[PDB]
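> There's a structure below that I have some questions on.
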Amino acid sequence: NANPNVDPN
Amino acid sequence: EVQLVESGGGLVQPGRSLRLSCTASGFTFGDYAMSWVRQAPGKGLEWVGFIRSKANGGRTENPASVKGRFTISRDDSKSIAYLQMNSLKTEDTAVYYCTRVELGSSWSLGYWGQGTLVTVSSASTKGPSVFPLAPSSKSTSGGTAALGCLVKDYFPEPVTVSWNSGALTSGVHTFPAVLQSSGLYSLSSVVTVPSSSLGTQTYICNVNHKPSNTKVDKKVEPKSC
Amino acid sequence: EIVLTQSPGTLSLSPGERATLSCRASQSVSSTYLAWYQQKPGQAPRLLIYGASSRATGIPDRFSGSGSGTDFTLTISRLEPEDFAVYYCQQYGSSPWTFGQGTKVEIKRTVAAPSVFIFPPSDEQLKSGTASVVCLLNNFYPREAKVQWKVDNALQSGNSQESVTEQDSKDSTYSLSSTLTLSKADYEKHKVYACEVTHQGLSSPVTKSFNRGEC
Amino acid sequence: XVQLXXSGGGXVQXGXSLXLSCXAXXXXXXXXXXXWXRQXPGXXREXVXXXXXXXXXXXXXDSXXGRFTXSXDXXXXXXXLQXXXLXXXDXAXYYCXXXXXXXXXXXXXXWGXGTXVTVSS
């Protein structure tokens, strides 16, 4: 997951 | 004002481990994701991972080049991000930057620390040998001649070179060091001078390698026939 | 992984001129996930532009960006002296985050062919069992050049290392050294040592040579 | 192999203009830099200008900076040398050459036969 600003759970 | 200070770098042997610290101040550290980026000497930038904020799970992501070897963590009570570097290889030699990841939908790296150098090598501390790069006897009579000093086989960096104790700076070119296949560094420093001065003016390169406490003054003159 | 290819590798311009830097992505990436960074030698990179219209805080007006999908452009509308540096593009929409290889913005000047000098190994070094032959290319522009070592007309490959200076602050030229490393035994069984230099400012290669054991 | 041919040379008076052209045959030259050289009566070949690939710019010698302009038409496999403010010292045979090295180190392997430029008062 490349998004560091959202919890991917 | 945002401040990021990296620490924990230095020289380490292959296969050993290092932990880098990045101390943050001037912002709410716990609100931001943090990211490490490295730059090998003379090369570009390589991302080596980020860690999310506690509000977003606090988990990490890293590329395959360091996956299973590098781990990022954070201590929000101390405002410090960490980079645990295990199973170090020579290819890991780089300047390591910690970065603050910007908020929102466009998470660029908004702030960078000054970086800390990590050198992975099995080489031992060794002073350089200083050899003359002597001008030639074919130098144009009434033209320009080149001469210099070859600073060979030292470790680690750096080596400083001046000419005539700093009095000679014009025409001086001190080249960046090269890492040889033996694991030792080498560099050269050259200067161009009028050919007519070869018989009257003295040219001395001053080489200092503080890691080995080596100080050398080398006079360079036309090789005798 | 999305590969970012920047072009040109080096762009040569004068202060006050317009700079146009390109960054092409191997796969389509939205403009929201693209950023540009500036780095000067010995210093950390700094963010310039990110997203569609976002500019980093404190970044002057002359920096702007555009493009979408696979083609992105960074524009410096009027180059200031502090703008000559290396510029990297970056994508962070796909894992892993990747950077371009960087584009250098250098000061442009007229062509200058290199002055070539060859240095035989000193007798002091030969005492230690190795021999280093050095070829010096002095004060040339543009940077691209080829150095070929020839030992008794045999082209040497894989046994030399090059080092290049930064662009000189006053005359905007480059200087380059090439060091050929041989064993003392290999050095002593050959006579003619030459470095052959080619440069776009030279109509034919320049050769400097010496014969081993000749004043 | 590759064949080059210059044209457009002639006689002009000082301050005049000339547009030289250099066409290539047998291979498209869009990926290679193209350089102009000149050889005055009783002199060696001198560099004049280089047109690198489109986007990689152009570089010039001291004596022609500001007066001469080099350009390309990869569409016609041709490069051009626009010469303005010509002086009698510009009198020479002008040659073009291909830089066979795509990395621009100046491996001038193929040359034309030259076109004559004369500047008489």
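Protein chains in written order, with the authors' numbering: chain F, 1 to 9; chain A, 1 to 52, 52A to 52C, 53 to 82, 82A to 82C, 83 to 100, 100A to 100C, 101 to 216; chain B, 1 to 27, 27A, 28 to 214; chain E, 1 to 52, 52A, 53 to 82, 82A to 82C, 83 to 100, 100A to 100D, 101 to 113. The beta carbon of each residue, even a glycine, is placed where N, CA and C say it ideally should be.
For the alpha helix (DSSP H) containing residue 183(B), list its first residue and its last residue.
183-187
> Would you mind telling me which residues of chain E sit closer than 9 Å to residue 72(B), beta carbon to beta carbon, in chain order?
Ordered by position in chain E, no residue passes the 9 Å Cβ test against residue 72(B), which lies about 12 Å from the chain.
> Classify residue 125(B) as helix, strand or coil using the three-state DSSP reduction.
In this structure, residue 125(B) counts as helix in the three-state DSSP scheme.
> Residues in its own chain within less than 6 Å of residue 87(A) by CB, not counting five upstream and five downstream?
Residues of the same chain with a CB within less than 6 Å of the CB of residue 87(A), apart from the 5 flanking positions on each side, are 110, 111 in chain order.
> Is the region 54-74 of chain A close to the region 21-41 of chain A, with three or more CB pairs under 8 Å?
yes
> Would DSSP call residue 21(A) helix, strand or coil?
strand
> Given residue 52(A), which residues of its chain have a CB within under 7 Å of its CB, disregarding the five upstream and five downstream residues?
33, 55, 56
> Would you list the residues sitting across from residue 77(B) in a DSSP beta bridge?
DSSP output for residue 77(B) lists no bridge partner at all.
> Examine chain E for any beta-carbon lying closer than 8 Å to the beta-carbon of residue 162(B), and answer yes or no.
no
> Give the secondary structure of residue 5(B) by DSSP, where H, G and I count as helix, E and B as strand, and everything else as coil.
Taken through DSSP and simplified to helix, strand or coil, residue 5(B) comes out as strand.
> Could one say the Cβ of residue 5(F) lies closer than 8 Å to chain B's Cβ atoms, at least one of them?
no
> For residue 213(B), is the classification buried or exposed, using 16 other Cβ atoms within 10 angstroms of its Cβ as the cut-off for buried?
Exposure of residue 213(B) is indicated by the presence of fewer than 16 other C-beta atoms within 10 angstroms of its C-beta.
> Output yes if chain F places a C-beta closer than 8 Å to the C-beta of residue 95(A); else output no.
yes
> Span of the beta strand (DSSP E) holding residue 164(A)?
163-165
> Listing by chain order, which chain B residues have their CB less than 8 Å from the CB of residue 1(F)?
94
> Count the CB pairs spanning the region 132-147 of chain B and the region 191-206 of chain B that are closer than 8 Å, and state whether there are at least three.
yes
> If we call anything under 8 Å between Cβ atoms a contact, is residue 87(B) one with residue 98(B)?
Contact flag set, yes.
> Give every residue of the same chain whose Cβ lies closer than 6 Å to the Cβ of residue 183(A), excluding the five residues on either side of it in the sequence, and list them in chain order.
Counting only Cβ-Cβ distances below 6 Å, and skipping sequence neighbours, we find 135, 137, 162.
> So within the region 41-73 of chain B, which uninterrupted beta strand (DSSP E) runs reach at least 3 residues, ignoring any that extend past its ends?
45-49, all fully within the region 41-73 of chain B.
> Taking only beta carbons into account, state which residues of the region 54-69 of chain A come closer than 7 Å to chain F, listed in chain order.
54, 58
> From residue 8(F) to residue 74(B), what does the alpha carbon distance come to, in whole angstroms?
Cα-Cα distance, rounded: 36 Å.
> I need the straight-line Cα distance from residue 38(E) to residue 109(E), nearest angstrom please.
Their backbone Cα atoms lie some 9 Å apart in a straight line.
> Can you tell me where the beta strand (DSSP E) with residue 118(B) in it begins and where it stops?
114-118
> Are the CB atoms of residue 72(B) and residue 5(B) within a distance shorter than 8 Å?
no
> Measuring only the C-alpha atoms, how far is residue 17(E) from residue 10(E)?
10 Å
> If the cut is a Cβ gap below 8 Å, which residues of chain F does residue 253(A) touch?
The structure shown does not extend to residue 253(A), since chain A spans only 1 to 216, so no value can be given for it.
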